[PDB]
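Q:
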Amino acid sequence: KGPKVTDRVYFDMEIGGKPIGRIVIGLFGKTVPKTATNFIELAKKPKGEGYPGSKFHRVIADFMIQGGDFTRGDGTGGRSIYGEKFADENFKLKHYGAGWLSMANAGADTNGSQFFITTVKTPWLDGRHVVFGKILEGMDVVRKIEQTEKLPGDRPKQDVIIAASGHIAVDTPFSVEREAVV
Numbered sequence: 022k023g024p025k026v027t028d029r030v031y032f033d034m035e036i037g038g039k040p041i042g043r044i045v046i047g048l049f050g051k052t053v054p055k056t057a058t059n060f061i062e063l064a065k066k067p068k069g070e071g072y073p074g075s076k077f078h079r080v081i082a083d084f085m086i087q088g089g090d091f092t093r094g095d096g097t098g099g100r101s102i103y104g105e106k107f108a109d110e111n112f113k114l115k116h117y118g119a120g121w122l123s124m125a126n127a128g129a130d131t132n133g134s135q136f137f138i139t140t141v142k143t144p145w146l147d148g149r150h151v152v153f154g155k156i157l158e159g160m161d162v163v164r165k166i167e168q169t170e171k172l173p174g175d176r177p178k179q180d181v182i183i184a185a186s187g188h189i190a191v192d193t194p195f196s197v198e199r200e201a202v203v
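Under the authors' numbering, the first residue of the sequence shown carries the number 22, and numbering increases by one thereafter.
#1: Would you report the Cα separation of residue 205 and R164, rounded to the nearest angstrom?
#2: When DSSP labels each residue in this structure, what does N59 get in the three-state scheme?
#3: Would DSSP call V191 helix, strand or coil?
#4: For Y117, which residues does DSSP report across the bridge?
#5: Quick one: grab the DSSP three-state call for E167.
#6: Spatial neighbours of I86 within its chain, please: CB distance less than 7 Å, with the 5 preceding and 5 following residues excluded, ordered by chain position.
#7: Look at the Cβ atom of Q179, then the Cβ atom of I36, and state whether they are nearer than 8 Å.
#8: Please determine, among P54, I44, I156 and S101, the residue with the shortest C-alpha to C-alpha distance to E70.
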């Protein structure tokens with residue numbers, strides 16, 4: 022009964038130049054096609070133009086990890102394939118638990134490139150941030166990032182970099198449970 026994964030995206034992660042493993046995300050291309058498409062294309066862009074080379078600039082343990090600011094690296098930048106900003110596509114899905122993918126924003130209809138991966142269930146974000154994927158593999162890599170040493174301002178002391186990213190196609194869309202990722 023769960024939403025269908027139609028596409029995969031991978032992130033090969035490094036912290037301060039040390040490889041820490043791959044995150045694999047399933048995207049709900051039937052539920053939020055426009056949001057999913059943005060993410061997939063930004064994952065396919067080259068550095069400075071998309072996710073490769075960008076960092077998780079905001080990390081809050083017992084909450085979420087946030088990245089996708091490929092133009093300013095600090096939360097103030099980023100842009101979508103549709104222009105600087107695009108509208109909230111729908112709020113069909115909730116932040117069911119750790120390991121859900123949702124768009125960062127600065128209020129209604131301000132989606133860019135920035136996104137976060139939850140590390141706990143975050144009901145207060147439901148209806149405010151568009152949820153569009155679920156972690157499929159590499160939740161331990163997420164947790165590694167979640168626990169990385171921080172500076173004040175919720176910033177990793179060492180850069181947490183998406184060294185590489187890309188899109189793996191999907192056979193046959195499959196349903197996933199609306200539950201925390203183990």
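C-beta atoms are modelled at their ideal positions from N, C-alpha and C, and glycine is treated no differently.
A: In terms of the structure at hand:
#1: The structure shown does not extend to residue 205, since the chain spans only 22 to 203, so no value can be given for it.
#2: The residue given as residue 59 occupies position 38 in the sequence shown. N59 falls in the helix class under three-state DSSP.
#3: Position 170 of the sequence shown, counting from 1, holds the residue named residue 191. Reduced to three states, the DSSP call for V191 is strand.
#4: If you number the sequence shown from 1, residue 117 lands on position 96. BP columns for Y117 are empty, so no partner.
#5: For the purposes of this step, residue 167 is taken as residue 146 along the sequence shown, with counting starting at 1. Of the three classes helix, strand and coil, the one that applies to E167 here is helix, per DSSP.
#6: The residue given as residue 86 occupies position 65 in the sequence shown. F77, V80, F137, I138, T140, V163, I166 and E167, listed in sequence order.
#7: Indexing the sequence shown from 1 puts residue 179 at position 158. Indexing the sequence shown from 1 puts residue 36 at position 15. Contact flag set, yes.
#8: In the sequence shown, the residue the question calls residue 70 occupies position 49. Comparing Cα-Cα distances from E70 to each of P54, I44, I156 and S101, the minimum goes to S101.
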